[PDB]
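Given next, in structure tokens, is a single chain: the form deposited in one PDB entry.
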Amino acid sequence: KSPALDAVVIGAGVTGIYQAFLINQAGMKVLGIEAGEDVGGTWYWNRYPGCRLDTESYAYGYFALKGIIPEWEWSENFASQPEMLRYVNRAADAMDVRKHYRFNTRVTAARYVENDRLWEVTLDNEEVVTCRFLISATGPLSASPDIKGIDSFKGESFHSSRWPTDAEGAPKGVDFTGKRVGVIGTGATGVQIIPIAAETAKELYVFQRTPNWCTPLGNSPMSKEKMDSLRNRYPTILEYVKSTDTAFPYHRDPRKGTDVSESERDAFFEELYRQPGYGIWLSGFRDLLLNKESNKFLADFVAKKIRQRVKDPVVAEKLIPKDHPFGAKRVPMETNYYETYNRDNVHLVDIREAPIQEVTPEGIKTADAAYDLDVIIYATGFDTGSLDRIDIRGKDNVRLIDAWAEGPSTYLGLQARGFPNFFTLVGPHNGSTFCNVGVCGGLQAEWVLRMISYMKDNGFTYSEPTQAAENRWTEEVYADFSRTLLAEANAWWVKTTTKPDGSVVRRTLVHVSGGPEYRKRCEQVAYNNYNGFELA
């Protein structure tokens, strides 16, 4: 049998809708599927107070850089969620892409049918569509707590992954006047929520096990003159972000930390720290993430600034990580976060030394005290992937989740052996963790378009990585990872298995190779007739 569609794209975040647009544009039959009511992905689902980009708006706005909505005007240097959603909606208007999508629809299963070289996609556990190619754009991140009696709390509970919204689409109940509020989690979302909650809360208790390194965002409104000169510079901006390791508008200093004196370093860090955006991390010395000494130079500088900004030295010290290097995790940026602790009604609770024994009807119970609360905010982190919710079955009925149980195994981060004609766009296993996804995801969608077109042009109906290509690729991805500070720092990012026979397999959950070098490899493969893929 022949499939009804050339492709199904799962997801209508920035990645999915661009893939669908490209495929329709090339004259092929695409159906998008989205669980929500409309486009946006991240920017549709996440509506908690202070939700905002870490990437310069202009750099994230690939659809404007690529001339799809070249006239777009950013109002802020780092756009809030509502502005981001307007951006994605405007892009979708211009792409005329909503008409290819079925919204309010979940893919629950997808099954490869060997004899027909197609995928059977089950929607909402009932209807089945068939496509030659299945393309996942289901999100590089998933909702992340492990404490008794959470459901027993009799006040208002808020979860940042599913913040309640009103009729407009704005967050519900962010006015905390008269309320004692407890926040669990000081990761990226916690450091955005904490300062805002503190504006109105009667009291605010922050339950922190271990701190993250955070740096100031430096956000400000975008003037008309800046926005115009940016747009005039788009051709250079595009070429620049295509050429940096992360696709952020930053590149590392060519010197090592020791190439300069303590005096120069301090002045260098001071200047970076006060500059809006990720410069402090991404413009740092070349060995920042390769050398413990070099990393300590910066980590000690950031500590110094945290002690400057927090008045109480006891509290200051609890906000400074002693257990991991700076820049081992996508660093959260913040707007007046550390200053929040200077408020009379803000209290830091160290739950490492006094762990939470249970959430109770009245609040939170640690080993050391009872906190009577009206509100608990679960400012919960991020990893388990977006694909696990789908029962994906490849050849011989193998489950993707079993295929990847000892860690992701792919060729080029895009296809897995066992699962022909299936592309996995934008995920930690192909570089989303440290990427400007706006740009990285766009370029990846373009590469997938070119492979599908090549197959169409050549009459190929089957693609699957060989065992050798997959194994070498995955080993090489791990080898890249292991040469950095991330490997010792993030233990859970490496799956180590000892096989029956006795071989030891090491795989990283997170691909950290530079984008340009990654894409150069992908073009080497594409030009040489998709070497490493069995095509038929």
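Basically, rigid core = biggest C-alpha set you can superpose within 1.5 Å across the two forms. Start at 1 and count along the sequence shown; that's the residue number.
Omission of residue 308 is seen in none of the other entries compared for this protein where the adjacent residues are built, far below a third. Compared with other PDB entries of the same protein, residue 291 is present in all of those that resolve the residues around it, none of them, let alone a third, dropping it. The gap between residue 144 and residue 145 holds 1 to 3 unmodelled residues of the deposited sequence. Where residue 383 is followed by residue 384 in the displayed chain, the model omits 1 to 3 of the deposited residues that sit between the two. Comparing the deposited coordinates for 504 to 512 and 483 to 491, the stretch with the larger average C-alpha B-factor is 483 to 491.
In this entry, 217 to 225 shows the higher mean Cα temperature factor of the pair 217 to 225 and 233 to 241. Ranking 365, 90, 251, 98 by the C-alpha B-factor listed in the PDB entry places 365 at the top.
Across 42, 467, 498, 57, the greatest Cα temperature factor reported in the deposited entry is at 498. Per the deposited record, the Cα B-factor of residue 170 falls in the highest third when ranked against the other modelled residues of its chain. Sort the chain's modelled residues by C-alpha temperature factor and residue 536 lands in the highest third, per the entry. When the modelled residues of the chain are ordered by C-alpha B-factor, residue 411 sits in the lowest third. The PDB entry assigns residue 378 a C-alpha temperature factor belonging to the highest third of its chain's modelled residues. Residue 336: CA B factor in the lowest third of modelled residues in this chain (values from the PDB entry).
Unshown form deposited in another entry; subsequent notes refer to it.
Here the two forms are overlaid on the core, and between the shown form and the other one the C-alpha of 427 is the only one among 327, 427, 394, 441 to shift by 2 Å or more. The two forms, fitted on the rigid core, differ between the shown form and the other one by 2 Å or more at the CA of residue 150.
If you fit the rigid core between the shown form and the other one, you'll see the Cα of residue 490 move by 2 angstroms or more. The pair residue 433 and residue 325 separates in the other entry: their C-alpha atoms are at least 3 Å more distant from each other than in the form depicted. The pair residue 432 and residue 193 separates in the other entry: their C-alpha atoms are at least 3 Å more distant from each other than in the form depicted.
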